[PDB]
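Peer 1: This one's experimental. Sequence and coordinates below.
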Amino acid sequence: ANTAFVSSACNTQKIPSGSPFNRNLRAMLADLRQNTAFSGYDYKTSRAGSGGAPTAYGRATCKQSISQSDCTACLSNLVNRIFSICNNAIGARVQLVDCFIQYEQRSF
């Protein structure tokens, strides 16, 4: 998939070192990545926090014109960069040419 970078908006506030929100966030993001191409190329999900971490609320979309396998390839690629693109923010939007991930500690 075209993985080239297009746009981002980041949260000015970052996830604390060792914070438990890292785990539910990434269980969350794992669902997006696994399930998006098979749930309409645009799909939302959420994971509750443990140990005082807020719920993680997520969204992922994919360019309707790419294959399902190609779509999970773009999302995996994006999950790999989104943490760099926004410096461990507690919230982020990142758009790649063929796919998009949003995540927040609040439903959106």
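Peer 2: Good, I have the coordinates. Numbering: from 1, shown residues only.
Peer 1: Tell me how far the residue of the chain positioned farthest from its centre lies from residue 40.
Peer 2: Among the C-alpha atoms of the chain, the one most distant from their mean position (C-alpha atoms, centre = their mean) is that of residue 51, at 21.6 Å. In this structure, residue 51 and residue 40 are 33 Å apart, going by C-beta to C-beta, to the nearest Å. Using the backbone N, CA and C atoms, a C-beta is placed for each residue, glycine as well.
Peer 1: before we move on, what about residue 13?
Peer 2: For residue 13, the distance to residue 40 (C-beta to C-beta) stands at 31 Å.
Peer 1: now do residue 3
Peer 2: Distance, residue 3 to residue 40, using C-beta to C-beta: 21 Å.
Peer 1: Neighbour count: these two, which is higher?
Peer 2: Neighbours around residue 3 and residue 40, counted as other C-beta atoms under 10 Å, are more numerous at residue 3. The numbers are 15 against 11.
Peer 1: can I assume that one is in contact with residue 78?
Peer 2: Yes. Under the criterion of C-beta atoms under 8 Å, residue 3 makes contact with residue 78 at 7.4 Å.
Peer 1: Looks to me like residue 84 is in a strand.
Peer 2: No. Looking at residue 84 with DSSP: H, G, I helix; E, B strand; the rest coil, it is helix, so not inside a strand.
Peer 1: Can you get me a residue count around it?
Peer 2: A total of 9 residues lie near residue 84 under the criterion other C-beta under 10 Å.
Peer 1: repeat for residue 104
Peer 2: Other residues within reach of residue 104, judged by other C-beta under 10 Å, total 19.
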